[PDB]
Every structure is written in C-alpha cells, then in structure tokens.
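Okay, structure first, notes after.
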Amino acid sequence: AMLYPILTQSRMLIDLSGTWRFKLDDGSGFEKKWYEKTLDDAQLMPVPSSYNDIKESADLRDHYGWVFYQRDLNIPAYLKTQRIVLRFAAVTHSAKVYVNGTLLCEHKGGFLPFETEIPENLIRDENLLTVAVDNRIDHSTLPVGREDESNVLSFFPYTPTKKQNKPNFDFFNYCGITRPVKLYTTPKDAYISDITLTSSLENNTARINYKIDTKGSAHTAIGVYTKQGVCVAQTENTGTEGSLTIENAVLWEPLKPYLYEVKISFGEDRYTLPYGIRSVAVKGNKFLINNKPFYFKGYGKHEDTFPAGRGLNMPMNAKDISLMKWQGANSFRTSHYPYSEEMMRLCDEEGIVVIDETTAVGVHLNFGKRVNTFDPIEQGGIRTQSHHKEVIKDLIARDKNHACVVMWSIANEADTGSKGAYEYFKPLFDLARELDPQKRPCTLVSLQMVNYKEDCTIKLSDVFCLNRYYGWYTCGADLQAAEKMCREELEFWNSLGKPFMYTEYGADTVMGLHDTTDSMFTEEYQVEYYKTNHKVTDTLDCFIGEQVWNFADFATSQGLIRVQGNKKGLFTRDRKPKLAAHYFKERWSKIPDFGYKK
Amino acid sequence: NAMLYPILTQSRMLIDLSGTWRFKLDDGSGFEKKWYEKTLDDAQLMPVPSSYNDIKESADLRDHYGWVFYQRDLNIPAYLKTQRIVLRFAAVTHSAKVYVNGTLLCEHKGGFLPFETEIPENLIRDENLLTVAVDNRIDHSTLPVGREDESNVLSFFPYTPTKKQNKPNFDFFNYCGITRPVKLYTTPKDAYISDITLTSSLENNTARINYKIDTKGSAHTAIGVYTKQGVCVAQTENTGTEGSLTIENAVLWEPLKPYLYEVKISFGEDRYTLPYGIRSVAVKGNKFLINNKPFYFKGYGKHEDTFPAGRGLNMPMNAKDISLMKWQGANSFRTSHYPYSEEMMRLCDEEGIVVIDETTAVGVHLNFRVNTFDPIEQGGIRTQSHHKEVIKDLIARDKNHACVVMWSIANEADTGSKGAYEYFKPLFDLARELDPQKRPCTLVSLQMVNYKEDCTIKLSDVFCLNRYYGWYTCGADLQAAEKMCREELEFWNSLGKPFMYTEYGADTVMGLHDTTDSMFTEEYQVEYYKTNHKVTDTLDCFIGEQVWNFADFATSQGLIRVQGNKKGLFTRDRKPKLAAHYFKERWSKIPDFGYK
Ligand SMILES: O=C(O)c1cn(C2CC2)c2cc(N3C=CN([C@@H]4O[C@H](C(=O)O)[C@@H](O)[C@H](O)[C@H]4O)CC3)c(F)cc2c1=O
Ligand SMILES: O=C(O)c1cn(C2CC2)c2cc(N3C=CN([C@@H]4O[C@H](C(=O)O)[C@@H](O)[C@H](O)[C@H]4O)CC3)c(F)cc2c1=O
C-alpha cells in the first residue's frame with residue numbers, strides 16, 4: 001500500500017529534495033563501503049532529477065552500473081515519539097538505501113514508490129542517508145535491456161569502447177533519484193495504511209463503498225466533503241469495510257472535473273483523500289464514461305524535459321496540461337511507465353483522462369540458436385513475468401482511487417503475435433482484473449506486425465490499442481499506399497465489433513523543415529500523414545480514440561534514425577507547437593468528447 | 001532582518017509548502033469581498049514556486065495588471081505548537097499580503113528577498129487556510145522601477161492600449177508570483193539562534209574564524225568547526241556571543257576550487273549548521289585580490305529565467321548552468337538585476353563560482369523636464385528609502401557567502417546627472433557599514449555620452465561598465481566600434497583603479513549566419529567580441545569580462561526584441577551559439593589569477 005504523503009493534523013511531511021552528494025561507482029563502492037562515511041571526492045547532483053544530463057560529461061551520461069547519492073539527515077528528536085518513514089517516490093532503476101551504514105531496504109523497479117521505517121535505535125544526533133542507484137537493464141528488468149550489445153535502432157561492426165546499457169525500447173535510459181524523497185510520520189500505535197473507494201450511481205445518488213486498511217486498534221471514521229467544505233456523508237465507528245451515499249452527487253467528467261474531499265480518521269491518525277465520482281464501462285463497441293460514448297483525443301507522452309530528463313518537473317506538468325486544454329485534447333497514456341503521483345493528482349484536478357501503463361516495454365526478444373520471447377526461462381526466454389506481476393500489483397495499489405485512470409495498459413509492444421504470448425499475459429490480465437476494485441478495462445498496446453490477426457490482444461483485451469505507422473515506418477512518402485494499407489488492416493479490427501483506437505501514430509518532424517511537396521521530416525508531411533490516417537479512421541464506427549505519438553519531442557539512444565532523439569512530437573522539447581499541433585487544435589475543436597460515434 | 005537559510009536540524013522542523021495551490025486573478029473586488037476569508041471560488045491551479053505568467057496560454061493572465069490570490073490548506077500536527085512556528089517566504093514578487101485563516105499576518109514590499117512571520121498559536125485551528133495576495137504593479141517607488149506614462153522602454157504611430165499594463169523601466173519581463181519556495185519551520189520557543197556572522201582573518205600565517213552569534217532568550221552557546229569529512233578542527237563550549245577560533249591546516253576557498261567548512265552552532269536546545277568558506281577579498285591599486293592574488297573575472301550577467309516557470313526557482317537548471325560555466329571556463333557571474341535564490345547562492349559556494357551580488361535597483365532613471373534625482377516633491381524618483389531596506393536585507397541574507405566578492409548597488413541608474421552622487425552616497429556608506437567583511441562596492445555604469453561625469457568615479461571600488469560598442473552604437477561598423485571603444489576605455493584605464501565589463505554583447509538568433517558582418521548573425525556575435533577584446537586585452541587596469549548575457553531570456557514586447565533578448569551566449573534552453581564556443585576557447589587560455 002502506498003498512500004500519497006500529505007501534511008495532516010497527525011502526519012509530518014519533510015521534503016529531503018535539494019542538492020545531494022553524488023559519486024559514480026568505480027567498481028569498489030560497495031567493497032569499500034562508501035555508505036558508511038561521507039562520500040569523498042564527490043560531485044553535487046540535484047534531487048529529484050535524472051543525473052544523466054545535468055553535467056557535460058559523456059562518461060556521466062552513458063555510465064554503466066551503480067552511483068551513490070548521499071545527504072545529511074539531522075532530524076528533531078521530538079519525531080522519535082512518532083513512526084518515522086522514508087518515502088522514495090521513484091528511484092530508477094533499482095535502489096539500496098542506507099541510514100548510518102545500515103542497509104534499510106532495497107527496491108527493484110524504477111517508476112513506482114517504496115518506503116521504509118527508520119528504526120528509532122538507528123537515529124543518532126547526526127545521520128547519513130545514502131542511496132545506491134543501479135541503472136543496468138537486461139532480460140529480467142522492466143523496461144527490458146538487450147544482452148547482446150546491439151542497438152534497437154550498424155552498417156559495419158565495431159567493438160564499443162566501454163560496456164553500455166543497450167535499451168530494447170525507444171527512449172533514453174534516464175536514471176537517478178527521479179522523484180522526491182520525503183520523510184513523513186504517523187502515530188506509532190494506530191494509523192491508516194490504505195484506502196479503497198468504489199462508487200455506484202443510483203439515479204442521482206452515489207453509493208461510495210470503502211475499505212480502510214489500518215495498523216493497530218482504534219475506531220475508524222469517514223467523512224465526505226464538497227470542494228466548498230460542506231459535509232455530505234459521514235459514518236463513524238465503521239471498521240474496515242462499509243458504504244455511504246451522496247445525494248445529488250456531482251460527477252467527475254472529462255474536462256469538467258469535480259473532486260470530493262474524503263476525510264478519514266483512525267485513532268489519532270488523519271488522512272484526506274480527493275475523490276471524483278465517475279463510471280467506466282466497455283459496452284459493445286463503446287467506451288462509456290458516465291454512461292456516454294467517449295472519444296479519446298490526445299497523445300502518448302513521456303516524462304521528459306531538459307535538463308532533469310525523467311525527473312519530476314511540476315511547472316512543466318502544469319504547462320503540458322494547459323497545452324492539452326489549448327489543443328482540445330482530453331486524454332493521454334503514461335507511456336511507457338507509471339508517471340509521478342503529482343501528475344496523476346493534477347490530472348484528477350484538471351479533468352484529463354489517463355490510460356495508466358506499466359513499465360513493460362521491450363518484452364520482445366525478436367524485435368547460437370534462435371530464441372522465442374516466451375520460451376522457458378531455462379530455454380532462454382524473457383525473465384520478466386514475476387517482476388511484471390509485482391509492477392501490476394504496485395501500480396494498481398498506487399493509482400486505484402484516481403477518477404482520471406480509466407484503463408490499464410499491461411505492456412507496450414510486447415511479442416504478442418508469437419507462441420507463448422497468451423500464456424505469459426493471461427495471468428497478468430487476471431491479476432489486473434482481480435486487484436482493481438473498479439474493474440476497469442485492461443488492454444495491451446499492440447505492436448505493428450504482419451500477422452496482426454494472430455495478436456493475442458484479441459483473446460485478452462477489452463479495448464484493442466494499436467500502434468501503427470502507415471506513412472512512416474511503411475509507405476514512407478507514399479501516402480496513397482498508406483491509406484490503402486491502413487484501410488485493409490483497420491477494417492479487420494473494425495469487423496471484430498469491439499472498441500479499438502490508436503495509441504500511437506506519427507511521423508518524425510524537425511521544426512523548421514518545410515516543403516509544399518510531400519517530404520518526410522517536414523512539418524507539412526506530419527500534417528498530411530495525419531490527414532491520410534484520419535480519412536480511414538473517421539469512417540470506422542468501432543474506432544473510439546486517437547492518441548498521437550508523441551505529445552513532444554524527447555530523448556532517445558543515439559542512432560542513424562534518431563535526429564537528436566525522437567522527433568514525432570506535435571510540440572518540440574521546449575513545448576513549441578509544430579504545424580501539426582495547430583492542425584490538431586482545429587481538428588479536436590470540431591470533435592466532441594462524447595457522441596462523436598453514437 | 002536576520003534571515004538564516006532554513007534547514008532541517010536536530011532542533012528545527014522544515015516543512016516545504018510547495019506544490020499545487022489554488023489561484024485567482026483579482027478583478028478589483030478581491031479585498032473588498034474579503035476573498036482571503038474562505039476558499040477561493042472559481043479558481044485555477046498554479047504550481048508553487050513559479051512565476052504565474054507563462055504557465056497557461058492566456059494573454060490576459062500573462063499581462064495581468066494588479067493583484068492575484070494564491071491559497072492552500074495547511075493542516076499541521078498540534079504538537080508543533082510546543083515549538084515556535086515560522087512561515088518563511090523566500091520570495092514573493094513584487095509585494096505580498098499573507099493571511100492565515102481570516103487574519104493578516106504580514107505585508108512585504110520587494111520581490112526578490114525573503115520575509116517571514118511567526119504564526120501565533122492562538123490562530124492555528126484544526127484546519128487552516130493560507131492565503132497569499134501578490135501585487136505585480138511597478139512605478140517610480142518600486143525596485144525595479146516601472147514607468148508611469150504609456151511609454152515602452154524598447155510607437156511609430158500612437159495608440160490607446162486596450163487595458164492598463166505595467167510598463168517596465170528595464171529590459172526583462174515582469175514575471176511575478178510566488179517565485180521561490182514557501183516553507184514552515186520551527187525553532188525552540190524559549191532560546192533560539194536568530195543570526196550568525198562569520199568573518200575570516202588570514203594575517204600572520206594564521207587562519208581564524210571570527211563569529212558573532214545573535215540569540216533570543218537565555219542559554220549557553222557553543223561553536224564547532226568541522227572539515228568536509230567531519231573531523232572537528234576547532235570547538236569551544238560555554239562561549240560568549242563573539243570570539244575567534246584558529247583553524248590549523250586551513251584550506252582556503254578559491255575560485256573553481258571551493259572548500260567549505262561546516263560551522264555548527266548550539267544555543268540551549270537549538271542547533272544550526274552553516275557552511276563557510278575561508279577567503280579574503282580586497283582591492284589594492286588596480287588589482288582585485290582574492291586570497292592575496294590578482295583575479296580576472298570571466299563570466300556573465302545572468303537572469304533567473306527558464307521556461308515555463310519564468311523567474312521561478314529551477315534547481316536542475318541551476319546545476320546545469322553551473323556545469324555549463326565550468327565547461328566554458330568561466331569563474332564568475334553577476335546577479336543581474338536582483339538577488340538570486342539562496343539555493344543558487346549556496347550552490348555557488350559549493351562549486352567555487354564567484355558572484356557579484358546586485359540589488360533590485362534597475363530603472364532608477366527618468367530620462368532614458370524632470371530629472372531623475374530632482375526632489376521627490378518635484379517629480380524625482382521615489383526609491384531611495386526602499387533602496388536602503390533592500391541593501392540592508394541583501395547584506396543580511398548573503399553576508400556569510402564566500403562566493404560573494406562585491407556588492408553592486410544599482411544597474412544603469414542615471415549616474416551622470418545632477419543629484420546622483422547625493423542619492424548614492426548614503427547607500428554606499430550603508431553597504432560598507434553593514435558588510436562585516438567590508439567587501440568592495442560598485443554600481444554598474446550605463447553607457448553615456450558624458451561618461452567622465454559618471455558619479456561611479458567618486459563612489460565605487462571597481463568601475464563596472466555596460467558598453468555596447470558594435471551593437472547600440474557602431475552597429476555593423478566594427479572598425480569604428482574598436483576606435484570608439486579604445487578612446488573611452490583609455491580614460492577609464494588612466495584612473496588606475498580596477499575596471500571591467502559587466503555587460504557587452506550582440507543580439508544573436510541561433511541559426512542565422514553570414515560570412516560577412518551582419519547584425520543578428522552568429523558570426524557577428526563572435527566578431528563583436530573579438531573587436532572589444534582587441535582593446536580590453538591591452539589595458540592593464542581592465543580586470544574582468546562578463547558578457548551580456550549567459551542565455552536568451554524573456555522581455556516585454558517591442559520592435560527590437562525578437563521573442564525576448566537574444567544576447568545570450570546560450571539559447572533559452574541552454575544550447576551553445578557560435579560565440580559560446582568562441583568563449584570556451586578564449587577563457588581556456590586565460591588564467592583565473594595573474595592574467596594582467
Ligand atoms: O543504415 C545504415 O546503417 C547505413 C545506411 N547507408 C545509406 C546510403 C546512406 C549506408 C551507406 C553506405 N555507403 C557509404 C558511402 N556512400 C557515399 O556516402 C555519402 C553519404 O552516405 O552521406 C553519399 O551521399 C555518397 O554519394 C556516397 O559516395 C553512400 C553509401 C555504407 F557504407 C553504409 C551504410 C549504412 O550502414
Ligand atoms: O531601439 C533602440 O535604439 C534602443 C533600445 N534600447 C532598449 C532595450 C530596449 C536601448 C537601451 C540602452 N540601454 C538599456 C539596457 N542596458 C543593458 O542592456 C541590455 C540589453 O539591452 O541587451 C539589457 O538587457 C540589460 O538589462 C541592461 O543593463 C544597455 C543600455 C541603450 F544604451 C540604447 C538602446 C537603443 O538604442
């Protein structure tokens with residue numbers, strides 16, 4: 001369980017972000033136990049941030065292995081009366097946390113939070129907090145790294161100077177303490193550890209079913225307040241499970257959010273949770289939000305800004321939401337990893353719909369004998385399923401109460417058209433459906449493949465989410481051919497009668513390149529590419545959404561097809577609109593959020 | 001007045017209140033209707049810390065005139081009330097009124113320096129609302145100065161504006177809001193440290209730290225000095241308020257080779273740790289001496305300016321900017337044209353970057369017929385009183401920084417006109433009185449036809465010149481620029497005191513090129529700098545070069561501003577122009593010490 005740390009009448013919240021000490025591992029940092037003493041001959045590194053782009057050093061940017069972060073932690077002794085917790089919102093990719101040279105916890109997985117109590121007996125007058133951070137990726141990590149020194153994106157072979165991470169995905173491997181580190185407290189004896197809300201609409205009355213997980217013995221009380229502060233439901237001494245009702249409930253709607261304040265108390269412990277009331281259901285070829293047929297308009301994003309890389313950037317989060325409202329979007333996907341809680345909470349407050357995605361990109365070993373992706377671990381297949389289950393558990397545990405989250409994406413462009421794929425994914429879908437109290441739709445995001453009718457998403461998903469590049473990776477500069485090949489395939493998907501959508505489609509576009517005559521990489525070609533795709537999708541009644549690749553240009557590994565990163569953004573990396581951004585502002589201004597295809 | 005940087009200690013809580021706050025533009029009725037007494041209704045959400053102007057896509061927000069209201073909930077543990085509870089605002093631009101529940105706690109004027117207020121415990125209810133009203137208006141009484149007609153500082157045909165707008169008397173965009181973090185911190189109620197003053201004495205081959213510890217209440221004082229590894233190298237218990245400690249084996253703080261001791265102070269239960277670099281600064285003859293060695297400034301005037309936060313604290317960019325300056329071979333910058341965040345100052349102490357620390361005094365000029373320094377009752381500028389408070393507050397905040405080597409009293413005031421000396425004499429006197437280290441003081445000189453009457457000559461320890469030979473004069477005639485540059489700078493050189501460029505540059509749009517001198521091109525920017533250097537490299541009293549600017553930055557709109565000021569060596573997103581590589585090469589051949 002992972003409630004978002006907040007300041008309450010019972011909970012201290014102390015942010016440890018700022019300038020920390022930082023040192024690259026030279027192969028001896030664990031042997032010489034650097035975590036037992038002040039880091040020596042070190043740099044300084046801002047926290048939170050990815051550390052790859054902060055300096056000017058290729059050796060820093062392309063480091064392979066561990067680094068050590070460290071700061072002093074001199075906390076008031078008064079807090080020893082409370083329970084003291086160190087919360088790491090995200091550390092990419094794996095972490096070992098030491099206080100005063102004692103290992104307190106380890107974590108695997110770069111994009112979900114973890115915490116540990118500091119034992120009171122470990123706290124001195126002055127303390128050292130050391131975080132060791134591993135950036136290595138392989139066939140057992142999510143995201144998947146290649147183990148063969150080849151590039152996912154050479155014409156003549158060469159021996160690399162140093163060993164480097166080789167991503168099996170198309171985005172730069174930004175690592176470090178990506179999101180805030182905070183110290184918080186709760187009472188020692190009795191405290192709230194999790195909160196689970198679900199809702200049901202009976203005419204204009206909402207029934208909110210709650211389960212409040214707690215530690216210790218005390219009495220649980222829950223209260224529901226309007227934005228303006230009026231109590232509208234209250235029940236006392238309810239224990240763990242229970243329900244309550246709101247008369248004339250204001251529903252949470254895309255672009256028209258409404259959040260109630262849910263105040264929980266358990267003994268001395270107090271926690272407030274914002275909560276929007278809304279329903280999600282797939283019915284026929286319809287994606288129903290509040291029982292109305294939704295049409296997705298938006299993007300796959302990345303958490304990517306300069307110079308922090310993947311690091312939390314709160315002004316840019318507000319800027320990006322403001323740009324999506326300017327453009328007329330209503331939704332995005334968290335490609336390809338869970339985003340910060342601060343973004344998710346802002347989406348709840350601003351009314352932006354989210355497809356929440358796990359970290360499972362690169363689950364594909366065929367993107368001295370040939371190997372199948374989903375062969376036995378013994379026979380060389382991918383080793384990600386056990387961690388994949390943990391990521392699903394933790395993602396839903398973190399984000400289950402968000403009104404903005406309407407669909408879970410189990411993986412991006414895994415090898416779903418090969419043998420064994422169904423056997424790998426069926427337990428993960430079953431896991432997602434078992435653990436989400438709201439029972440939201442589940443999808444996997446489908447790689448473009450020649451044997452698309454063989455994609456196991458057909459057996460598993462509530463919505464078929466397709467990544468397709470008709471006019472870019474195929475039919476490049478032949479948009480007539482693109483239109484015919486797009487129609488041939490999408491008519492197949494449309495004939496299945498279930499809702500389907502684009503979760504990626506686009507064309508690399510360098511701002512400032514132009515031509516009136518179709519030419520790839522120009523601003524005009526981006527627009528023509530999209531016009532050609534919309535000629536097809538606009539005629540298909542099961543096509544219920546368009547999310548472009550990408551919201552904005554972002555950093556990737558180096559390669560002959562990556563023009564200083566991925567250039568498929570509608571916006572540049574500094575959020576400036578290309579021609580196609582204005583095209584979509586016009587297009588989305590004429591398409592309603594509901595009832596476009598009714 | 002005393003403004004210790006808030007830190008987490010054994011006796012002090014530190015609660016950061018940054019995040020998403022509610023935000024509402026005032027419509028003229030915000031105070032009349034007492035908006036601060038309830039939740040803001042029909043409000044937006046705004047990140048804190050940040051400037052608010054560029055977060056949305058609204059021109060009316062960006063160009064808003066007057067007040068806005070920020071607000072958040074503040075539900076804190078009651079056991080905090082056993083401590084002294086303090087609300088610290090690191091910066092609110094330009095003026096603030098702070099309310100807790102219905103109650104006005106404080107009001108502040110000056111948009112770039114911290115202020116704080118105790119929260120009386122009788123006011124803290126179970127649930128609390130914190131409201132901050134922020135005024136963005138500028139006039140002849142604010143620093144920085146706003147114009148009080150419809151004039152733009154940057155028009156061919158006259159027109160009536162749709163709405164009233166601030167008219168800056170300065171070349172940067174009027175970014176406003178809760179610029180820097182808002183934090184809640186605590187100290188012991190009954191005995192606590194209010195200020196710490198440290199100075200260094202290097203005479204007789206013996207390095208000593210002199211301390212003076214300001215307290216409230218009655219208790220015993222102790223001070224210890226610790227190396228970076230944590231070895232105690234001097235300590236004394238039950239000490240007086242003032243005293244000295246000898247540091248054997250002292251390592252000096254040097255430009256690009258920082259060393260910071262940790263100075264831990266105890267007073268009763270209170271504990272405060274202050275990083276401290278030991279170094280000397282002095283002007284002797286025509287030399288700027290750091291640790292008794294002749295320094296040559298290499299660097300920039302900067303701005304706090306990033307997209308989309310505007311003036312807002314951006315700590316990843318701070319670290320990126322220092323990395324770029326070390327990559328380029330710079331050793332210094334000036335806080336143009338306002339105090340920067342404490343986070344930047346502290347990072348500069350850590351990284352060995354030398355800082356010229358400047359007040360908010362830009363626009364002190366009414367004639368870019370009433371003269372600037374006429375009597376206030378005849379229309380003269382009305383800033384002198386606030387100018388003293390800013391100097392007091394700036395020195396109180398930054399006095400212990402080793403990186404700060406020089407105070408800049410104003411940028412481009414009307415210092416060649418009648419009355420300037422009398423306006424500035426008390427301010428120089430004040431800065432010298434208040435700085436325990438007695439660092440050099442200057443004002444940054446506007447380019448001016450009667451430069452021999454610049455009152456900087458009568459006041460300043462270092463003459464700091466803003467000159468644009470080859471841009472605002474002699475544009476595209478660099479041979480004439482060289483001659484005009486040499487004529488004036490030989491005058492300055494003949495005075496025998498240290499002098500330097502604090503600004504020089506040429507607007508340069510990345511991607512515009514020409515092998516033949518053409519303004520706005522990347523090549524012209526290089527040639528502009530080559531021409532100036534042809535002259536400055538021959539003048540033995542010229543002890544420093546700070547370009548205008550480190551990076552492109554936002555300004556008001558006008559016919560000569562190409563989406564802001566384009567004189568950066570880097571772009572707004574920190575990419576090097578041709579001239580940035582030119583300077584990396586040049587500054588790699590110029591030593592920090594002993595160039596001239
Ligand atoms: O996708 C990859 O990996 C490779 C791709 N291409 C493509 C043709 C670009 C390679 C080409 C190779 N030839 C290399 C040099 N030729 C000269 O070079 C100029 C240029 O290419 O700039 C042309 O303009 C000149 O006309 C021509 O004389 C071109 C072709 C090659 F050896 C390897 C690759 C790859 O490995
Ligand atoms: O349209 C024109 O003809 C002129 C226009 N302007 C104004 C800026 C519109 C002039 C301004 C002059 N001063 C104004 C600012 N001083 C420093 O210059 C930087 C910069 O301007 O780049 C600013 O950013 C720094 O903050 C500031 O310290 C330089 C001297 C001048 F001498 C001549 C002109 C013109 O001639």
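Worth knowing before you read on, the calculation uses all heavy atoms, side chains too, and leaves out hydrogens, waters and symmetry mates. Each chain gets a letter, A, B and so on, in the order the sequences are listed, and its residues count up from 1.
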Exercise. Can you tell me if A:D541 and A:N494 form a side-chain donor-acceptor pair at under 3.5 Å?
Worked result: yes
For this session: Could you check A:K578, A:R575, A:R562 and say which one makes a salt bridge (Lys or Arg N to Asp or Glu O under 4.0 Å) with A:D553?
Result: A:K578
Problem set entry | Contacts of type ring pair (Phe, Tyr, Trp, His ring centres under 6.0 Å), residue B:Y52, not counting sequence neighbours | B:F23
Exercise. In a check of side chain to side chain donor-acceptor pair (under 3.5 Å) between A:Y502 and each of A:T537, A:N467, A:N533, which one passes?
Worked result: A:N533
For this session: Tell me, yes or no, whether the heavy-atom count around B:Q563 atom CD, taken from other residues, nucleotides or ligands under 6.0 Å, exceeds 12.
Result: no
Problem set entry | Test side chain to side chain contact (heavy atoms under 4.5 Å, CB included) applied to A:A403 - qualifying residues, sequence neighbours left out | A:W252, A:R278, A:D348
Seminar exercise, completed: When A:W549, A:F332, A:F551, A:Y505 are each screened for ring-ring contact (aromatic ring centres under 6.0 Å, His included) with A:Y299, the one that passes is A:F551
Problem set entry | Pairs flagged by ring-ring contact (aromatic ring centres under 6.0 Å, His included) wherever residues 311-331 of chain A is involved - sequence neighbours left out | A:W326-A:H582
Exercise. Any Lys/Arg nitrogen of A:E546 or A:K297 sitting under 4.0 Å from an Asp/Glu carboxylate oxygen of the other?
Worked result: no
Problem set entry | Contacts of B:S51 that satisfy side chain to side chain contact (heavy atoms under 4.5 Å, CB included) - sequence neighbours left out | B:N53, B:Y175, B:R311
Problem set entry | Set of residues satisfying salt bridge (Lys or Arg N to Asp or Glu O under 4.0 Å) with respect to A:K301, sequence neighbours excluded | A:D320
Problem set entry | For A:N317, side chain to side chain contact (heavy atoms under 4.5 Å, CB included) partners two or more places apart | A:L312, A:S340, A:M343, A:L346
